[PDB]
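The block underneath contains the structure these notes are about, expressed in C-alpha cells.
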Amino acid sequence: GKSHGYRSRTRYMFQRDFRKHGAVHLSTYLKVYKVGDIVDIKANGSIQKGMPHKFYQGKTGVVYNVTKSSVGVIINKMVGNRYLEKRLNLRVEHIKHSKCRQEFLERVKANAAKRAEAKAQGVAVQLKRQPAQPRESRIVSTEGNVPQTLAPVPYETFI
Amino acid sequence: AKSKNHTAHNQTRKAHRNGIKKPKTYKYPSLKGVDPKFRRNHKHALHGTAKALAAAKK
Amino acid sequence: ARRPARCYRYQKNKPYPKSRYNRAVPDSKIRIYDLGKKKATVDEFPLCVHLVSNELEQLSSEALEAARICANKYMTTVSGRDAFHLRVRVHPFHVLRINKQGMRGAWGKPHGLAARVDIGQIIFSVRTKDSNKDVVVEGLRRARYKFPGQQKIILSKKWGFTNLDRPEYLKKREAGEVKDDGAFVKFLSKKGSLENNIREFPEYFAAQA
Amino acid sequence: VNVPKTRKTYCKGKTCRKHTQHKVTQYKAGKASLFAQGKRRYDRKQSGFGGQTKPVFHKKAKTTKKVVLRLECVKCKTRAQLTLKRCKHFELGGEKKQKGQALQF
Amino acid sequence: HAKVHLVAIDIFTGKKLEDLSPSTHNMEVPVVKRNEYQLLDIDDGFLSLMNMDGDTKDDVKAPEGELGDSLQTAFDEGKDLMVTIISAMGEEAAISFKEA
RNA sequence: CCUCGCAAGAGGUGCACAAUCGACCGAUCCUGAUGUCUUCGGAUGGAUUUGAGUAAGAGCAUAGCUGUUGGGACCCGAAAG
RNA sequence: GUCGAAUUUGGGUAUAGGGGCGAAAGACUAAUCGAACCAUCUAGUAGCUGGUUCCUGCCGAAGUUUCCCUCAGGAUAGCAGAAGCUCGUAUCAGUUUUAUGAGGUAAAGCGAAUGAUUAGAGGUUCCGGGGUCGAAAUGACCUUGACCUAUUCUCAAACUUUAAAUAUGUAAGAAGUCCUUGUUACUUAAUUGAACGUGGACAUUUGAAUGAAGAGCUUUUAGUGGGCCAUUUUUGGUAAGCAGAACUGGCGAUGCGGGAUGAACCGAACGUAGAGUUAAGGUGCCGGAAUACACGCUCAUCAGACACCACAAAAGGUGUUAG
RNA sequence: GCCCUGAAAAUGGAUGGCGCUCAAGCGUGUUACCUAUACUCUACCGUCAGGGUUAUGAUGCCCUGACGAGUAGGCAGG
RNA sequence: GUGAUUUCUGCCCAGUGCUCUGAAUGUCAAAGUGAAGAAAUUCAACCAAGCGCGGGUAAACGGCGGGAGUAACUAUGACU
RNA sequence: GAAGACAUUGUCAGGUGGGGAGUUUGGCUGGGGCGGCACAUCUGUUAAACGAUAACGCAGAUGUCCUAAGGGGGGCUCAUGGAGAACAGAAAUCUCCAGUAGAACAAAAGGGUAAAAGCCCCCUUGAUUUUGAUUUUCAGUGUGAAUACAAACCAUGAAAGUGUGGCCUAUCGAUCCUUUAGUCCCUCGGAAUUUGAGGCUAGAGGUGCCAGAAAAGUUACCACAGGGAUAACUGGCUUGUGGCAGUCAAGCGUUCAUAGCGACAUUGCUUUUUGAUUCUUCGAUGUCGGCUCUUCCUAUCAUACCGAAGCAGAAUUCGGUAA
RNA sequence: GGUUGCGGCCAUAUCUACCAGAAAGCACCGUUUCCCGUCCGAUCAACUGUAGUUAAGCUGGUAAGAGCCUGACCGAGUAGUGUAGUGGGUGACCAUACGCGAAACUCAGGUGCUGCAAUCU
Ligand SMILES: C[NH+](C)c1cc(NC(=O)CNC(C)(C)C)c(O)c2c1C[C@H]1C[C@H]3[C@H]([NH+](C)C)C(O)=C(C(N)=O)C(=O)[C@@]3(O)C(O)=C1C2=O
Ligand SMILES: C[NH+](C)c1cc(NC(=O)CNC(C)(C)C)c(O)c2c1C[C@H]1C[C@H]3[C@H]([NH+](C)C)C(O)=C(C(N)=O)C(=O)[C@@]3(O)C(O)=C1C2=O
Ligand SMILES: C[NH+](C)c1cc(NC(=O)CNC(C)(C)C)c(O)c2c1C[C@H]1C[C@H]3[C@H]([NH+](C)C)C(O)=C(C(N)=O)C(=O)[C@@]3(O)C(O)=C1C2=O
Ligand SMILES: C[NH+](C)c1cc(NC(=O)CNC(C)(C)C)c(O)c2c1C[C@H]1C[C@H]3[C@H]([NH+](C)C)C(O)=C(C(N)=O)C(=O)[C@@]3(O)C(O)=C1C2=O
Ligand SMILES: [Mg+2]
Ligand SMILES: [Mg+2]
Ligand SMILES: [Zn+2]
C-alpha cells in the first residue's frame with residue numbers, strides 16, 4: 001500500500017528543464033574537481049548511473065575523493081539529535097561548482113591586494129565588510145521638481 | 001481498539017533541547033573510502049618525506 | 001434523494017473533475033449555454049449586463065439550468081426572443097460525491113456536477129440594446145432569486161461581450177480596424193504581416209469613410 | 001529460461017587462473033545420507049515416547065526455486081556454482097530464438 | 001467465521017472428492033496446461049500426437065471412454081481430428097476431440 | 001614547565017587525551033629462496049581484507065549506592081493441572 | 001396430579017470421582033457437580049485490577065522512531081537525573097545580513113503541449129452520409145457531418161511554458177592565502193600535475209551582524225512509549241465535542257488576574273513579606289473603579305449587551321438614518 | 001446602518017443577577033480611575049557561581065551576583 | 001433406531017461409513033535372502049495385515065436440480 | 001476326554017484406534033464477526049515547492065519474464081498524415097515529402113532517451129573471481145536493491161572508452177538441519193593407514209503472518225482476570241434521512257400565477273425516526289409494551305372570538321390570538 | 001573581413017517565403033581497377049581535380065513574418081503570502097498593521113557572439 005523506493009516522489013525533481021532535454025554538455029564534462037573543493041549537488045535525469053538520492057538534491061558538500069568518472073562528496077544530514085556525515089559517490093554530471101566559493105576566492109584575493117597597498121602607504125586597512133549603514137543627511141532640489149499632489153481615487157468598478 | 005498512528009509533535013522540541021550542534025570536524029580527516037591507487041602512493045610519499053626530513057635534520 | 005445545496009454549498013474539497021481516474025459520472029443538467037439571438041453582432045448589441053458573485057461557493061449545475069430557464073422565459077415573454085443574448089459563464093466541472101458499515105470505506109460514489117464560483121466572477125452575461133435595460137435587469141433579478149448567495153447586477157460598460165469600453169470601441173470601429181466575424185470581431189494589430197493585413201482589412205488601408 | 005551448455009568463465013584453479021571453457025549442468029541435491037550428525041540426533045530425539053519433537057514445515061508460499069548451475073572446467077576439472085534467479089521453466093541448451101522468422105500461430 | 005465445503009471431480013479417473021477447510025486457509029491449485037495437438041494414428045492403445053512442428057507426444061493412452069471410442073470410429077473412417085490434452089501434476093490425458 | 005623580555009610576546013620540551021598516517025602479532029588471500037628424505041620446509045615480500053591485539057603494564061580484594069538475572073522476589077488476587 | 005401398583009417406604013447390602021448411577025434433566029453423587037470433598041506440590045502463573053508508610057531542597061519528562069503471533073506488553077533510539085572528566089586558548093547558535101544554490105506549492109495559463117469544453121465564421125470543384133438537375137454521370141446545384149484555419153466561454157490532486165511568500169543547503173580564512181623548492185611505486189610526452197611537506201610574507205578591523213549566565217566529551221540509570229486542545233494548511237464525511245496528518249504554542253505536569261461558571265482562550269507563569277506601577281478585563285448596584293466627557297444611531301406587543309462561546313439564514317419593510 | 005417579520009419544545013429561567021431607553025444598548029474617540037503570586041525597589045530564607053580569609057567551627061567565617069512553578073522520575077541534607 | 005392400533009414406508013450405493021472367501025500385488029515395516037566392500041554400510045528383489053482397485057448394503061449416515069419447445073380464446077403443459 | 005508343537009504367553013515391527021490423552025485454533029480493524037490486506041514491496045497523488053509525514057484515502061501494480069529482452073560496436077529513424085503505383089479497395093507491398101518524438105524501450109505508473117536508451121546486423125558471455133567502502137529503508141542493525149573504486153581475467157571496438165545483468169525506480173528471506181563447490185587444508189585427543197564423521201570459506205533447499213511458532217471448531221452449561229482503551233439503553237455533539245416551515249413563480253385552477261395549489265430551484269428549524277460518532281457508565285443507572293398518575297410544549301383536532309374564499313344558505317377550505 | 005578544420009555557450013543561432021555570393025575554400029560533380037559495401041558504386045569504399053556548375057548545399061540580406069531573447073515605474077504593488085489583533089461578518093470570507101512579492105497582458109529593442117590553426121583579391 002505504501003512505498004518508499006529510491007525515486008519515490010521524484011517526478012518533477014528528475015524532470016529535465018523545458019527545451020533542455022538531450023545530451024549534457026562538455027563544459028560540465030571538462031570542469032575539474034580537486035580534493036577540498038566545495039560542490040553543489042543537483043541531479044541530471046539523463047544519466048541514470050551514479051544518480052544521488054532525492055535528499056541530496058540541491059545540497060552543498062566538500063569533495064574528498066576523486067576517481068575515474070565520479071567524485072566523493074561529504075554531506076552533513078540531520079537525523080535524530082545529531083548531524084551525520086555521508087560519503088556519496090556521484091558523477092560529474094550531477095556535481096557542479098559553487099559560485100559562493102569562487103566569489104569567496106575573489107574576495108580573499110581582493111583583501112590580500114587591499115592590505116598590500118594599505119601596508120605600502122601606511123594607512124589602516126578597513127578590510128572586513130560592513131552591512132548597510134542607514135543613510136546620511138541630504139538636500140533635494142525643488143528646481144524643476146515641484147511636488148505633484150496625489151489623492152485617493154474613487155471607487156469605479158471596471159467590470 | 002484503534003489508536004494514534006504517527007505524529008511528529010514534540011520531536012523538534014526534544015532535538016533542540018539537546019541540539020544538533022556539529023559533526024565535530026578535525027584536521028586530517030579519515031581516509032576511509034579514498035582511492036587505493038594513490039592511497040598506496042600517499043603511504044610511500046609520506047614515508048619518503050619523513051626519511052628526507054630526518055636525513056636533512058641529521 | 002436530492003440533498004440540499006446547503007450541504008454542497010461551500011468549497012471544501014479540491015477540484016475533482018472527470019478524468020481517467022474518475023469515470024462513470026452522471027452528465028450535468030445544463031446542456032445549452034447560449035440563448036437568444038446568438039448569431040447577432042456586437043454592433044447590434046451594445047449594452048452589457050453582468051450577474052456576478054460575491055461569495056466563494058459552489059453553484060449546482062441544475063441551479064444553473066433552473067436560473068437559465070427562468071431568465072430566458074421571462075426575457076422571451078416580455079421583449080421577444082431576438083432582443084438579447086444570454087451567455088452563462090460558469091461550467092460545472094467539479095464532481096460532487098455522496099456516501100450512501102459506519103465510516104469504514106467512506107469514499108463515496110459520484111453524485112452530481114457543480115461549478116466553483118469565486119468572488120467577483122461573472123455567472124451570467126446578457127448583451128442587448130440600450131432600451132432593454134429594465135427587462136434584462138428584471139430577468140437577472142429572477143436568476144439571483146434562484147441562485148444561492150448574494151449576487152450583483154452590474155451594468156457593464158463594454159461594447160457587447162468583448163472588451164474595450166464604448167468610446168474605445170467607437171474609435172476602433174470608425175477607424176476601421178474592426179472586422180465583423182460570426183458573433184464576435186477580429187482586430188487589426190500592428191504586428192502581423194503586411195500582406196495578410198492588407199487582404200484582411202482593406203478599409204484601414206484605404207481612404208474610405 | 002535458456003542457458004547454453006557451454007560457457008567461457010573464470011576458473012579458480014591454480015593451474016588456470018584465467019577464463020576457461022566450462023560445461024554447464026544443474027545442481028541436483030544429494031542423497032541426504034543417514035549418518036549425518038543432525039540425522040542421528042533426530043533419530044535419537046524422535047525415538048521413544050513424546051511424538052514429533054522438531055517442527056515440520058507446512059506453510060509453503062513460494063512455487064519457484066533459484067536455479068544454480070554447476071560449471072566444470074574442461075582442463076583442470078574444477079567446479080563452480082553460479083546462481084540464476086527464480087524461473088518457472090528452465091532448458092539447458094534449447095534452440096536459439098529467431099529474429100524475424102515466420103510466425104506459425 | 002465461514003468455512004468452505006468443496007466438492008470436486010478428479011478428472012484423470014473421474015472420481016468425486018470432497019474437502020472442508022476454514023475460508024482463511026491456503027489451498028494448492030494445480031497449474032493445469034491444456035494443449036491442442038494433432039492425431040496421426042491410433043496405435044495399440046497409445047495415441048500418436050503432433051505439436052505445432054514437433055511430433056513426440058506418443059505416450060498418451062487412447063482415452064477409454066465413449067469419447068475415445070467415437071474418436072476411434074472417426075479415425076477409422078479417417079476424418080482427421082485435433083485432440084485436446086490436459087497435463088497436470090505429472091499425468092496427461094486426452095479429454096476432448098475436435099474436428100479440424 | 002624551562003630560556004629571553006618589567007611587559008605584549010618569541011622559542012624549546014611537551015604527560016593525559018583527540019584525530020590521522022604508519023610499524024609489529026594472530027587469522028585470510030597470495031608470493032614461493034637456501035636446502036629437500038622429491039614432497040617437505042617457509043625464507044623474503046605484499047595485500048580497497050580481518051581481531052574483543054602490541055606500541056615502558058593496572059589489576060586484585062573488600063565495602064557502599066544504583067541497575068540486571070534467577071529464586072515466593074514489593075504485597076494481595078484466578079479460571080485451572 | 002396420583003391413590004393397588006412401572007406404588008410408597010424402613011433396615012441391610014453393592015456400585016466412588018474422569019469414577020459411580022441416570023424411564024436422560026449434563027440430573028444426582030452429604031445445602032458443593034458440564035467432573036465432589038480433604039491434604040500436599042503451592043507463597044502454582046498472571047503482559048490484568050487494587051494498595052504501596054517521614055520532611056525539606058535542587059533538577060525535571062514522555063506518550064514519538066524501528067522490530068516483535070505486536071496493538072492493555074517489551075526491546076531499541078529519543079526526552080531526564082546523577083557521577084563526573086579535559087580545557088576554561090580563537091568554540092558555537094531553533095537568529096539576521098551578503099554571496100550562491102535547490103524546489104514546482106499558492107497564484108497564473110489554455111488565441112502554449114495533455115485532457116476536458118460553449119458558440120458562431122471561412123474554406124476543402126477531392127461525394128463521408130442524404131438529396132435534387134436531363135433513370136445517366138468516376139458531372140454540376142445543395143443540405144449535412146467530418147477535417148482544417150483564425151477566433152471565443154470555462155476549467156484540471158494524480159495537466160503545464162512561467163512561477164512566488166514562508167520554511168531549506170553551503171560559505172564569511174590562521175586547519176587561510178601567496179612565493180621558491182622536497183618525497184612518491186600515483187599521474188603526465190615531460191622538472192608536468194595530485195597529495196602531504198620545509199622555509200619566507202601577511203598587528204591600534206585574523207577579514208558580516210548579534211549573543212555566549214561557559215565549551216566539548218564520557219559513563220550510568222530512571223520514568224515514558226493510551227495523549228488531548230488552540231491559530232494556520234489539509235484528508236475522508238452532510239456534519240460532529242467525528243476519524244486522520246503538517247508547523248508552532250499549550251494542557252497533561254500549572255497555581256495566579258480576567259472570560260459569571262470551564263484542563264486548554266486572554267494576560268501572566270509561583271520562595272516569604274512590604275511599597276509603588278501595570279497587563280487582560282473593567283468603572284449604575286451586587287463589585288474595587290467616572291450615573292465621566294463627546295459625536296450620532298436605535299423604541300422592539302421575542303430590544304440589545306463584548307472574541308473562544310455556548311446559534312440563526314434566504315427573502316422582505318413609504319419604521320428611521322445616510323448615500 | 002440600526003430595528004421589525006421570517007423566528008416553533010417540551011420542570012421555572014437566565015446579557016451572571018437586579019435592572020437599563022439623549023442607556024447602564026450599538027459604533028467611534030479623549031482622559032481619569034481599579035488591581036495579578038506579572039514588573040521595579042527593599043528585607044529575609046534557600047540553591048548555584050565567582051571570590052577573599054596564615055586565639056575557641058577552615059566541608060568554618062565573610063563579600064558579590066543571579067535564580068527559586070512542577071506530576072512520573074533522579075539526587076542531596078535531615 | 002422408531003414409538004399403541006389402521007394405512008403405507010417411494011427413488012438414489014456417486015460421497016461417508018460398514019462388509020466380502022472379488023482381483024494383481026500397484027504401494028508396503030521389522031526379521032530373513034542376494035550383490036559390492038576391508039567392514040561399518042549401501043542397493044536390490046521377495047514382501048503380512050492394511051491402503052488402493054472391484055462388488056454389496058440406505059428400517060447405515062444421508063440426498064431427492066434446472067432450461068427450453070409443445071393442445072382452436074388466451075393461459076398452463078399430458079408430450080418431447 | 002479334547003486340541004497339539006497350532007494356540008496362549010514374552011519382546012519388537014506395521015495397521016487401525018476422538019474410546020482416551022495433551023495442545024492449538026494469527027494480526028490490523030471507526031466494537032467484534034464476514035469482507036479486505038492498508039501484514040513484505042513499487043509508481044503517481046493526498047503531502048501543505050528541502051527531507052519526513054497518517055487514514056480500511058484515491059488510481060494502479062509485484063511474488064514473473066529474458067542466452068537475449070545482458071555487454072560492446074556499426075548503419076538507420078520512429079508514430080502519424082498527404083500525394084501516388086496491376087489485381088489492391090478504409091486497410092496487404094513499394095516509393096517521395098512533411099514529421100521534437102505525438103512511437104518503442106517485457107510488465108503497472110512516473111522519469112529519461114533521436115547519427116539513441118528505439119529498429120536491423122556482427123561478435124560475445126562483465127549475468128565472472130577476491131574481499132572491502134558508500135547510499136536507501138535505518139537503531140545509521142539485518143535483508144533486498146544500487147553506486148563508485150582496487151587487484152585479476154575477459155568481451156567488444158580502429159580507438160577513446162564501455163561492461164561486475166535487464167535505461168532508472170519493485171520483482172524477495174536469519175539461526176538449526178540437509179546438500180553441493182574450494183584447498184589438497186584442520187580434527188577424531190594412547191600411535192598409525194583407509195572408508196566414515198566433524199570443521200573452515202561460498203552457495204542452494206524456506207519460513208508471503210515476508211526480522212522468519214509446527215496448529216481445527218463449538219459453548220445459550222460455561223469459568224476467570226480485566227476493559228467504558230470496546231459494542232447492545234439513556235444523555236451529549238451532528239442532522240444525511242424522517243418531520244415541519246419559508247423564498248421565487250413555468251403552470252393547474254372556465255379567462256385569472258399567488259381563493260386554493262404549485263414543478264425546476266433554494267433558505268432554514270426540530271430532535272417526536274433512523275443513521276453517524278464512541279464523551280460518560282462493564283467492583284451492574286434493572287434493559288420492550290401495557291395498566292396507573294401528574295405536569296409541560298404547540299407545529300391547533302374540537303370549543304371561544306375573528307379575517308380570506310372560485311363563501312348565496314348549509315357544509316367545507318386557508319389563516320390569526322390562543323394550550 | 002570571408003572560407004575551411006576542430007570547437008565553447010546551445011534558437012539573439014530555429015522555421016517559412018524570396019533575393020545575392022568577385023577571390024579562395026567548401027560543395028555538386030566524373031570513373032569502377034583495387035580495398036570494401038550493398039537487392040541496387042543511391043549511401044559507403046577507392047581513383048582523378050581532369051569534362052563542367054554556382055542550380056542546390058553553405059553564407060549573408062529582406063519580411064509592419066511565426067518563434068526565441070532582453071527590458072519597462074505596462075499590467076501590478078495586483079493575485080498570492082509570512083506575522084498580529086478580545087478586528088469585522090451568522091457563516092463563506094474580508095479589511096487593516098508590519099514585511100515579501102508574481103504570471104498572463106501591453107509596449108519597446110534585438111535576430112548569434114566568440115577561441116585555436118590554416119588559407120584567400
Ligand atoms: C586573547 N587571548 C586571551 C586568547 C583568547 C582566546 N580565545 C578567545 O577568543 C575567547 N574564547 C571565546 C570566544 C570566549 C569562546 C584564545 O583562543 C587564545 C588567546 C591567546 C592566544 C595567544 C597565542 C600566542 N601567540 C601565538 C600570539 C602565544 O604566545 C601562545 C604560545 N606560543 O604559547 C599561545 O598560547 C597562543 O597561540 C594562543 O593559544 C592563544 C589563544 O588560543
Ligand atoms: C579569527 N581570529 C579570532 C583567530 C582565529 C584563530 N583560529 C581560527 O581561525 C579557527 N580555528 C580553526 C583553525 C578553525 C580550528 C586563531 O588561531 C587566531 C585568531 C586571531 C589571531 C591574531 C594574531 C595576531 N597576529 C597578527 C600576529 C596578533 O596580533 C597576536 C599577537 N602577537 O598579539 C595574536 O594573538 C595572534 O597571533 C593570534 O593568537 C591569533 C590566532 O591564533
Ligand atoms: C485377506 N486374506 C486373509 C484372504 C482371505 C480370503 N478368505 C477368507 O475370508 C478366509 N476364510 C476362510 C479361511 C476360507 C474360511 C480370501 O479368499 C483371500 C484373501 C487374500 C486375498 C489376497 C489377494 C491378493 N491381492 C490381489 C490383494 C493377491 O496378491 C493374491 C495373490 N495372487 O497372491 C491373492 O491370492 C488375492 O488375489 C486373493 O485371491 C485373496 C483371497 O482370495
Ligand atoms: C479362500 N481360501 C481358500 C484362500 C485362498 C487363497 N488363494 C487364492 O485366492 C489364489 N487364487 C488366485 C489365483 C490368486 C486368485 C488365499 O490366498 C487365501 C485364502 C484364505 C486365507 C487362509 C488364511 C489362514 N488363516 C486364517 C488361519 C492361513 O492358514 C494363513 C496362514 N497361516 O498362512 C493365512 O495367512 C490366511 O489368512 C490367508 O493368507 C488366506 C489367503 O490369502
Ligand atoms: Mg590556542
Ligand atoms: Mg596561533
Ligand atoms: Zn580451469
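Here's how to read the names in the C-alpha cells: chain A, B, ... by the order shown, residue numbers from 1 in each chain, ligand numbers from 1 in the order shown.
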Using only C-alpha atoms, find which residues of chain D lie within 12 Å of chain E and jot them down as a PDB file with N, CA, C and O atoms, in the first residue's frame.
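For reference, part.pdb as written:
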ATOM      1  N   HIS D  58       4.950 -26.455   6.905  1.00  0.00           N
ATOM      2  CA  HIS D  58       3.657 -26.627   6.254  1.00  0.00           C
ATOM      3  C   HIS D  58       3.271 -25.480   5.335  1.00  0.00           C
ATOM      4  O   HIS D  58       2.684 -25.721   4.280  1.00  0.00           O
ATOM      5  N   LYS D  59       3.580 -24.235   5.702  1.00  0.00           N
ATOM      6  CA  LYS D  59       3.041 -23.059   5.014  1.00  0.00           C
ATOM      7  C   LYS D  59       3.933 -22.662   3.837  1.00  0.00           C
ATOM      8  O   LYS D  59       4.571 -21.608   3.819  1.00  0.00           O
ATOM      9  N   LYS D  60       3.950 -23.526   2.827  1.00  0.00           N
ATOM     10  CA  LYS D  60       4.685 -23.232   1.607  1.00  0.00           C
ATOM     11  C   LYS D  60       4.006 -22.094   0.861  1.00  0.00           C
ATOM     12  O   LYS D  60       2.785 -22.090   0.694  1.00  0.00           O
ATOM     13  N   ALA D  61       4.797 -21.120   0.421  1.00  0.00           N
ATOM     14  CA  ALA D  61       4.258 -19.935  -0.229  1.00  0.00           C
ATOM     15  C   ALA D  61       4.924 -19.707  -1.576  1.00  0.00           C
ATOM     16  O   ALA D  61       4.299 -19.185  -2.505  1.00  0.00           O
ATOM     17  N   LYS D  62       6.186 -20.096  -1.692  1.00  0.00           N
ATOM     18  CA  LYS D  62       6.935 -19.930  -2.925  1.00  0.00           C
ATOM     19  C   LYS D  62       6.810 -21.173  -3.788  1.00  0.00           C
ATOM     20  O   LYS D  62       6.907 -22.300  -3.297  1.00  0.00           O
ATOM     21  N   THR D  63       6.584 -20.960  -5.078  1.00  0.00           N
ATOM     22  CA  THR D  63       6.492 -22.055  -6.029  1.00  0.00           C
ATOM     23  C   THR D  63       7.848 -22.374  -6.645  1.00  0.00           C
ATOM     24  O   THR D  63       8.195 -23.543  -6.837  1.00  0.00           O
ATOM     25  N   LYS D  88      10.405 -20.322 -13.572  1.00  0.00           N
ATOM     26  CA  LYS D  88       9.488 -21.454 -13.572  1.00  0.00           C
ATOM     27  C   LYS D  88       9.929 -22.536 -14.550  1.00  0.00           C
ATOM     28  O   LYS D  88       9.874 -23.728 -14.232  1.00  0.00           O
ATOM     29  N   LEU D 103       6.172 -16.362 -38.185  1.00  0.00           N
ATOM     30  CA  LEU D 103       5.357 -16.865 -37.090  1.00  0.00           C
ATOM     31  C   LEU D 103       4.457 -17.984 -37.595  1.00  0.00           C
ATOM     32  O   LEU D 103       4.060 -18.002 -38.763  1.00  0.00           O
ATOM     33  N   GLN D 104       4.146 -18.932 -36.717  1.00  0.00           N
ATOM     34  CA  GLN D 104       3.378 -20.114 -37.092  1.00  0.00           C
ATOM     35  C   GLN D 104       2.221 -20.338 -36.132  1.00  0.00           C
ATOM     36  O   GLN D 104       1.913 -21.480 -35.772  1.00  0.00           O
ATOM     37  N   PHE D 105       1.559 -19.250 -35.720  1.00  0.00           N
ATOM     38  CA  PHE D 105       0.477 -19.274 -34.723  1.00  0.00           C
ATOM     39  C   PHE D 105       0.863 -19.974 -33.422  1.00  0.00           C
ATOM     40  O   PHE D 105       0.189 -19.825 -32.404  1.00  0.00           O
TER      41      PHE D 105
END
Pick out the residues sitting within 12 Å of residue D:37, and hand them over as a VMD selection string; count only C-alpha atoms (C1' of nucleotides), and ignore anything fewer than 5 positions along from it in its own chain. (chain D and resid 32 42 to 44) or (chain J and resid 177 to 178 196 to 198)
Which residues are near ligand 5 in this structure, taking near to mean any atom at most 12 Å from a ligand atom and counting only C-alpha atoms (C1' of nucleotides) and all ligand atoms? Format them as an MDAnalysis selection string. chainID G and resid 87:91 174
May I ask you to write as an NGL selection string all residues lying at most 12 Å from ligand 4, with only C-alpha atoms (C1' of nucleotides) and all ligand atoms counted? (:I and (20-25 or 48-49)) or (:J and (6-7))
Next, dump the selected residues to file, keeping only C-alpha atoms (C1' of nucleotides), as a PDB file, in the first residue's frame.
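Written out: out24.pdb:
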ATOM      1  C1'   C I  20     -16.613 -59.669   1.455  1.00  0.00           C
ATOM      2  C1'   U I  21     -13.942 -66.461   0.904  1.00  0.00           C
ATOM      3  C1'   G I  22     -13.721 -60.436  -5.697  1.00  0.00           C
ATOM      4  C1'   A I  23      -8.920 -59.497  -8.198  1.00  0.00           C
ATOM      5  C1'   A I  24      -2.737 -58.372  -9.091  1.00  0.00           C
ATOM      6  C1'   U I  25       0.468 -57.066  -5.643  1.00  0.00           C
ATOM      7  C1'   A I  48       1.838 -59.968   6.205  1.00  0.00           C
ATOM      8  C1'   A I  49      -2.302 -57.230   7.536  1.00  0.00           C
TER       9        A I  49
ATOM     10  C1'   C J   6      -1.028 -74.766  16.328  1.00  0.00           C
ATOM     11  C1'   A J   7      -2.783 -71.693  20.052  1.00  0.00           C
TER      12        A J   7
END
List all protein, DNA and RNA residues that have any atom at most 10 Å from ligand 7, counting only C-alpha atoms (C1' of nucleotides) and all ligand atoms, and write the list as a PyMOL selection string. chain D and resi 8-22+72-79
Give me a file of those residues, with N, CA, C and O atoms, as a CSV table (one decimal), in the first residue's frame.
chain,number,residue,atom,x,y,z
D,8,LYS,N,32.4,-19.7,-21.4
D,8,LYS,CA,33.8,-19.3,-21.0
D,8,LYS,C,33.7,-18.4,-19.8
D,8,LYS,O,33.3,-17.2,-19.9
D,9,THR,N,34.2,-18.9,-18.7
D,9,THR,CA,34.2,-18.1,-17.4
D,9,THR,C,35.4,-18.3,-16.6
D,9,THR,O,36.3,-19.2,-17.0
D,10,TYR,N,35.6,-17.5,-15.6
D,10,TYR,CA,36.8,-17.6,-14.7
D,10,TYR,C,36.9,-18.9,-14.0
D,10,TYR,O,36.0,-19.4,-13.5
D,11,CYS,N,38.2,-19.4,-14.0
D,11,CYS,CA,38.5,-20.7,-13.3
D,11,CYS,C,39.3,-20.4,-12.1
D,11,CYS,O,40.3,-19.6,-12.2
D,12,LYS,N,39.0,-20.9,-10.9
D,12,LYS,CA,39.7,-20.7,-9.7
D,12,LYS,C,40.9,-21.6,-9.5
D,12,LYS,O,41.6,-21.4,-8.5
D,13,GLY,N,41.1,-22.5,-10.4
D,13,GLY,CA,42.2,-23.5,-10.2
D,13,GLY,C,43.6,-22.8,-10.3
D,13,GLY,O,43.8,-21.8,-11.0
D,14,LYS,N,44.5,-23.4,-9.6
D,14,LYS,CA,45.9,-22.8,-9.5
D,14,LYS,C,46.6,-23.0,-10.8
D,14,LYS,O,47.6,-22.2,-11.1
D,15,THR,N,46.3,-24.0,-11.6
D,15,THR,CA,46.9,-24.2,-12.9
D,15,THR,C,46.3,-23.3,-14.0
D,15,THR,O,47.0,-23.1,-15.0
D,16,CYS,N,45.1,-22.8,-13.8
D,16,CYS,CA,44.4,-21.9,-14.7
D,16,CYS,C,43.6,-20.9,-14.0
D,16,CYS,O,42.5,-21.2,-13.5
D,17,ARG,N,44.2,-19.7,-13.8
D,17,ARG,CA,43.5,-18.6,-13.2
D,17,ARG,C,43.0,-17.6,-14.2
D,17,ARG,O,42.9,-16.4,-13.9
D,18,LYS,N,42.6,-18.0,-15.4
D,18,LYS,CA,42.1,-17.2,-16.5
D,18,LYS,C,40.7,-17.7,-16.9
D,18,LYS,O,40.1,-18.6,-16.3
D,19,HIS,N,40.1,-17.0,-17.9
D,19,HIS,CA,38.8,-17.5,-18.5
D,19,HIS,C,39.0,-18.8,-19.3
D,19,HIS,O,39.7,-18.8,-20.3
D,20,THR,N,38.4,-19.9,-18.8
D,20,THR,CA,38.5,-21.1,-19.5
D,20,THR,C,37.1,-21.6,-19.8
D,20,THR,O,36.1,-21.1,-19.3
D,21,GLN,N,37.0,-22.6,-20.6
D,21,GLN,CA,35.7,-23.2,-21.0
D,21,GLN,C,35.2,-24.1,-19.9
D,21,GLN,O,35.9,-24.8,-19.2
D,22,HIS,N,33.8,-24.0,-19.7
D,22,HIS,CA,33.1,-24.7,-18.7
D,22,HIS,C,31.9,-25.4,-19.3
D,22,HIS,O,31.2,-24.7,-20.1
D,72,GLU,N,31.8,-27.1,-14.7
D,72,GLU,CA,33.1,-27.9,-14.6
D,72,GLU,C,34.0,-27.5,-15.7
D,72,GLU,O,33.6,-27.5,-16.9
D,73,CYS,N,35.2,-27.0,-15.3
D,73,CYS,CA,36.2,-26.6,-16.3
D,73,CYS,C,36.7,-27.8,-17.1
D,73,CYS,O,36.8,-29.0,-16.6
D,74,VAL,N,36.9,-27.6,-18.4
D,74,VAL,CA,37.3,-28.7,-19.3
D,74,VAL,C,38.8,-29.1,-19.2
D,74,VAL,O,39.2,-30.1,-19.8
D,75,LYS,N,39.6,-28.3,-18.6
D,75,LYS,CA,41.0,-28.5,-18.5
D,75,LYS,C,41.5,-29.0,-17.1
D,75,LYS,O,42.1,-30.1,-17.0
D,76,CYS,N,41.1,-28.3,-16.0
D,76,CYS,CA,41.5,-28.7,-14.7
D,76,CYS,C,40.5,-29.4,-13.9
D,76,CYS,O,40.8,-29.9,-12.8
D,77,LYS,N,39.3,-29.6,-14.5
D,77,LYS,CA,38.2,-30.4,-13.9
D,77,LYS,C,37.7,-29.8,-12.6
D,77,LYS,O,37.2,-30.5,-11.7
D,78,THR,N,37.9,-28.5,-12.4
D,78,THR,CA,37.4,-27.9,-11.1
D,78,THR,C,36.0,-27.3,-11.4
D,78,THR,O,35.7,-27.0,-12.5
D,79,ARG,N,35.3,-27.3,-10.3
D,79,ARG,CA,33.9,-26.9,-10.4
D,79,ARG,C,33.6,-25.6,-9.6
D,79,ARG,O,34.3,-25.2,-8.7
